[PDB]
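Here you get one chain, nothing else, as structure tokens; it is the form deposited in one PDB entry.
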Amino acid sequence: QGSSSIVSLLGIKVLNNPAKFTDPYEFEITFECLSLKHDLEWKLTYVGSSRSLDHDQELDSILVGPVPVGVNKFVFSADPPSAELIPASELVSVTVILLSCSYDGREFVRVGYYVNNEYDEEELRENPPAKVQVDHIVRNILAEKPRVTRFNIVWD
């Protein structure tokens, strides 16, 4: 119980898992506050990693309204990724996503998850088309093993 970071995260449940590549991201998030009032900004970043390319892409962003001291639970529905920009190889590969919350432009928490995307029928997996068809990409989040990072920001 050290004396830092007034907003602590208690639990992040991924509600739509597995889901299609094109489905939005359902995050029920519960946290705790204190209470300076500057609203908390939540963002979900898509990071994909090919041979020659490292591609990051901001899926969606939401800001939480009042700063209620105590335990709070809200749901983050993030817009699915823009496959146009993703390197073609990483569409049906392992990628990550970065759920990150921040205060007054300074992020204090960043929860990263492993995402496995793969095709939904056995013949697409055995023989994938020369051009990826995102309609048959089903993503699957390693939600049980979150890679959490915490940073020290100045709230007051």
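Each residue number is its position in the shown sequence, starting from 1. Take the two forms, find the largest set of C-alpha atoms that superpose within 1.5 Å, and that set is the rigid core.
Missing coordinates between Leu34 and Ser35 amount to 1 to 3 residues of the deposited sequence. 88-96 and 124-132 differ in mean CA B-factor, and the higher of the two is recorded for 124-132. Stretches 139-147 and 5-13 differ in mean CA B factor, with 5-13 having the higher one. Of the candidates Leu59, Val115, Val64, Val109, the one whose C-alpha carries the top B factor in the deposited record is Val64. Remark: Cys101 belongs to the middle third of its chain, ranked by C-alpha B-factor as recorded. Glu26: CA B factor in the middle third of modelled residues in this chain (values from the PDB entry). In the deposited entry, the Cα temperature factor of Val71 sits in the top third of values across the chain's modelled residues. Placement of the Cα temperature factor of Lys43 within the chain: middle third of the modelled residues, per the deposited record.
Beyond what is shown, the protein has a form deposited in another entry; the following relates to that form.
In a core superposition between this form and the one not shown, the Cα of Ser89 is the only one among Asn116, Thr45, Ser61, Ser89 shifting by 2 Å or more.
In contrast to the form presented, in the other form the C-alpha positions of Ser52 and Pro80 draw closer by 3 Å or more. Cα of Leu91 to Cα of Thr45: at least 3 Å longer in the other form than in the shown structure.
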